[PDB]
Amino acid sequence: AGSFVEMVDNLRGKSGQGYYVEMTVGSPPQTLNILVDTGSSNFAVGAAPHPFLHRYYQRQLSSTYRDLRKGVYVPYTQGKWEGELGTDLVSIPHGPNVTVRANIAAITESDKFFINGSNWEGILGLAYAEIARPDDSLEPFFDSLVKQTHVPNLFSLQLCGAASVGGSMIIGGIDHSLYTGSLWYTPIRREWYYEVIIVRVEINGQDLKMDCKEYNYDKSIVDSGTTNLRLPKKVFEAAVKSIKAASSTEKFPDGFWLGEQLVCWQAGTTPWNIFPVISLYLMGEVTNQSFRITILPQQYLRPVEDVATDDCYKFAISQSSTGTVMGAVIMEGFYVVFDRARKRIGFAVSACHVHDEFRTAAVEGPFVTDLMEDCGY
Ligand SMILES: CO[C@H]1CC[C@@]2(Cc3ccc(-c4cncnc4)cc3[C@@]23COC(N)=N3)C[C@@H]1C
């Protein structure tokens, strides 16, 4: 600077293509698969017959559709989308037994937005109004949901990974069968993205010893719509140097660490044990108190099953000029509670995370960490 035990297993997807939930829009209801995205704030759905789409929102068939007479052009890093703003009745079949009138951006043109071969047709932006397009007056879906119903102002995500991937989005609550041990909370620094503060970073218990502002330059966010653990350039360089040193029993090309090439091992091998564990200490709920979340190589070394030329992997930790992004590689190790009502995010060891006989993902605390307020950019 529609009970919780009907919401378990309501998410699906394919490797690297994100997680989606089934939703219905309009009257009579039109079924659509929608990407769950904690890194954005618009409910944007394909509304034209793009050849890649299995289905799309047909506004002419909805008696409850209302036109907002406003368009939006949304450029981003990787592509763009253009939409026509409107409102309609929205429901989540494997969610709460409610129907809400929400803002919907009917996508009429796009570039590198929809994925060739994916099974989703829209995006559910679960973040705050501050980052909604075109401005903060366009109420996000979750804000409409809580304002129009008795649904508690909270949601939780268990992203399991694996190929078909699966998980759970518990809307309005927490399902205690989705995690082991205790939930540990980090404050939401500002209600725009789900912004958090990282106070310390360790590779196999070894501190990176950097000025903690570097870990949050210019922000640190929790984003279900991003695959990688993205780190600020300076942090990435120190983390890679430490990971290289920890795994020095086997040498890999420079391109592997930069995500420019895959590394392959025999059909049943993979030396998980040579790769270090990665710990992120998050600001706690109390003055000078923190906790740490720990991920395994099973989270940050992603298998690539698309290879047509051996078991090949992609290093899923990458450099970022937009700050730290705690994507799927972080989230797949944990049960994540987006406690909007208390402006905090809870982490707990996921009951579905991929691990081995020697190591497990961990959420531990409390730790004493001084000057935590100084870590925020
Ligand atoms: C309001 O407009 C938002 C809409 C949302 C994206 C666009 C997008 C498309 C696909 C996926 C995508 C692909 N594969 C897998 N997962 C997600 C992600 C995004 C974004 C970028 O980053 C995050 N968080 N969301 C950013 C954009 C500014």
Side-chain angles (χ1 to χ4, degrees), residues 11-21 32-47 50 52-53 70-86 102-143 157 159-163 165-167 169 192-196 219-230 259 302 304 306 314 316 318 320-332 336 338 345:
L11 306 182
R12 285 289 181 273
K14 292 181 175 75
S15 305
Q17 298 184 348
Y19 292 83
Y20 59 79
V21 69
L32 301 159
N33 285 337
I34 304 302
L35 184 92
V36 162
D37 185 15
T38 68
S40 72
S41 302
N42 283 85
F43 182 32
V45 303
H50 189 290
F52 292 175
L53 298 179
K70 195 156 156 195
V72 70
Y73 196 95
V74 184
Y76 58 92
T77 51
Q78 277 168 278
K80 76 101 193 293
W81 69 264
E82 187 172 39
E84 294 170 0
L85 304 177
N103 288 313
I104 307 176
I107 301 160
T108 56
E109 212 68 51
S110 64
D111 181 64
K112 307 190 187 294
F113 182 84
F114 299 117
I115 298 160
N116 189 27
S118 78
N119 197 38
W120 56 258
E121 305 84 52
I123 297 186
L124 184 65
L126 293 164
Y128 301 95
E130 209 207 278
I131 66 170
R133 317 298 207 257
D135 55 72
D136 65 8
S137 78
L138 195 83
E139 188 173 83
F141 172 81
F142 210 89
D143 287 86
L157 294 173
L159 311 182
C160 299
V165 305
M169 176 174 59
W192 60 319
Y193 289 95
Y194 285 100
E195 190 188 358
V196 300
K219 69 187 178 289
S220 291
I221 74 173
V222 182
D223 186 6
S224 62
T226 290
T227 303
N228 287 3
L229 163 58
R230 304 181 72 216
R302 291 188 131 241
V304 180
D306 217 331
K314 169 91 180 290
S318 57
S320 167
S321 55
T322 62
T324 300
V325 182
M326 291 169 61
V329 328
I330 289 298
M331 295 186 72
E332 282 166 4
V336 190
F338 297 77
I345 295 164

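When a ligand or atom number is given, it counts from 1 through the structure's own listing order. All values below come from the heavy atoms of this structure, side chains included, with hydrogens, waters and symmetry mates left out. For reference, positions follow the sequence shown, starting with 1.
- Every atom of ligand 1 is numbered from 1 in the order shown, and the set under 4.0 Å from a heavy atom of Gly18 is 15 (C), 16 (N).
- Side-chain contact check for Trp81 versus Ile123: every heavy-atom pair is 4.5 Å or farther apart.
- Counting heavy-atom neighbours within 6.0 Å of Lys80 NZ, excluding the residue itself, gives a total above 12.
- Distance check for atom 18 (C) of ligand 1: a protein heavy atom is found below 4.0 Å.
- The closest approach between any non-hydrogen atom of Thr77 and ligand 1 is not below 4.0 Å.
- For ligand 1 and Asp223, the ligand atoms under 4.0 Å from any heavy atom of the residue are 23 (C), 24 (N).
- Side chains of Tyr193 and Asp223: no donor on one and acceptor on the other come within 3.5 Å.
- Of the heavy atoms in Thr227, none comes closer than 4.0 Å to ligand 1.
- Scanning all heavy atoms of the two residues, the minimum distance from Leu53 to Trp120 falls at CD2-O, 4.1 Å.
- Considering backbone and side-chain N/O of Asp37, one or more are found under 3.5 Å from N/O of ligand 1.
- Of all protein heavy atoms, the one closest to atom 16 (N) of ligand 1 is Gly225 O, 3.5 Å.
- Summarising the geometry of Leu138 relative to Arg133, their closest heavy-atom pair is CD2-O, 3.3 Å, with the distance given to 0.1 Å.
- A donor atom on one side chain and an acceptor atom on the other are not found under 3.5 Å apart for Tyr128 and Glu195.
- Counting the atoms of ligand 1 from 1 in the order shown, those under 4.0 Å from a heavy atom of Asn42 are 1 (C).
- Checking only distances, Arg133 never comes within under 3.5 Å of ligand 1, N or O to N or O.
- Only the backbone of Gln17 comes within 4.0 Å of ligand 1, counting heavy atoms alone; no side-chain atom from C-beta on gets that close.
- Close to ligand 1: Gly16, with a non-hydrogen atom less than 4.0 angstrom away.
- Among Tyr76, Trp81, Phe43, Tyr19, the residue whose heavy atom lies nearest to atom 4 (C) of ligand 1 is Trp81.
- Of all atoms in ligand 1, numbered sequentially from 1 with element shown, those under 4.0 Å from a heavy atom of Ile115 are 13 (C), 14 (N).
- Between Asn103 and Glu139, the shortest heavy-atom contact is ND2-O, 3.0 Å.
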**Request:** Evaluate the side-chain contact (heavy atoms from CB on, under 4.5 Å) criterion for residues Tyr20 and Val36: first the C-alpha distance (whole Å), next the side-chain angles of each, then the deciding distance (0.1 Å), finally the verdict.
**Result:** CA-CA 5 Å; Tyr20 59 79; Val36 162; 6.0 Å; no

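- At distances below 3.5 Å, at least one donor-acceptor pair connects side-chain atoms of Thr38 with backbone N or O atoms of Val222.
- Here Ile123 has side-chain heavy atoms under 4.0 Å from ligand 1, and that is the only part of it that gets that close.
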